[PDB]
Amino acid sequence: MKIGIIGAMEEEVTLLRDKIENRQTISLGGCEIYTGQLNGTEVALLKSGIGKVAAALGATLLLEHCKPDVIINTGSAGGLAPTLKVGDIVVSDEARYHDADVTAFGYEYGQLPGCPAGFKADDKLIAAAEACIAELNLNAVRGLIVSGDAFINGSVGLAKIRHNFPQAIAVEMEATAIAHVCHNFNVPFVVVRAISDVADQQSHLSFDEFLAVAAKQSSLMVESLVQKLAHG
């Protein structure tokens, strides 16, 4: 098994990258892919850069150049569900765009024509993630993650998301793009992120303070998940 891992920011990939043995770097299309072994398992770790198009470009290169068997999206997220605190884990069962709108032609809010309204994460990957959460005694919520190209910071931006996706557990800027690419290539995916902020008026301050905390929790989860998948 080769496990593909995608993170947007330096801070979200640095802990995993440092653990990769025999590390090689592919530099293509403005992104970096690091290949080698993570606790004995072959991995390909993409640092994509921020937002939907960066993520889409990077994921496409990762799939084409490395042919990973599955994709895990790691990093931070803005928490939306009431029981989430900084550091807590969010696991996708599904990803949707919160900023896509072709409802004038009768598509569901968030749905682009030619796509399902949402992209479902892989059941086996979800189950493995939940097993790791249990083993590591972490607080986690499984559910809908929504993506757009905006850093959510209270005001009207948060309000629109709570209005249109009251079931969304977290918001970020890459997951659904990754999900979409994986859908089109028929590659299983899961998102395993951790909370850096609660997407309110203070979220920029919380993000600066707690990105590192969130990166560490997600990275430790991903390390555990890689091991669990490779062993099983």
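Numbering starts at 1 and runs along the sequence shown.
- Higher mean CA temperature factor between 37-45 and 167-175: 37-45, per the PDB entry.
- When 185-193 is weighed against 203-211, 203-211 comes out higher, by mean CA B-factor as recorded in the entry.
- Across the residues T103, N73, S92, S155, the deposited record lists the maximum Cα B factor for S155.
- You'll see in the entry that, of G143, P82, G148, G78, the Cα B factor peaks at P82.
- Sort the modelled residues of the chain by CA B factor and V86 lands in the highest third.
- Annotation for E135: C-alpha temperature factor in the highest third relative to the rest of the modelled chain, per the entry.
- Among the modelled residues of the chain, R162 sits in the middle third by CA temperature factor in this PDB entry.
- Placement of the Cα temperature factor of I6 within the chain: lowest third of the modelled residues, per the deposited record.
- Among the modelled residues of its chain, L62 has a C-alpha B-factor that falls in the middle third according to the deposited record.
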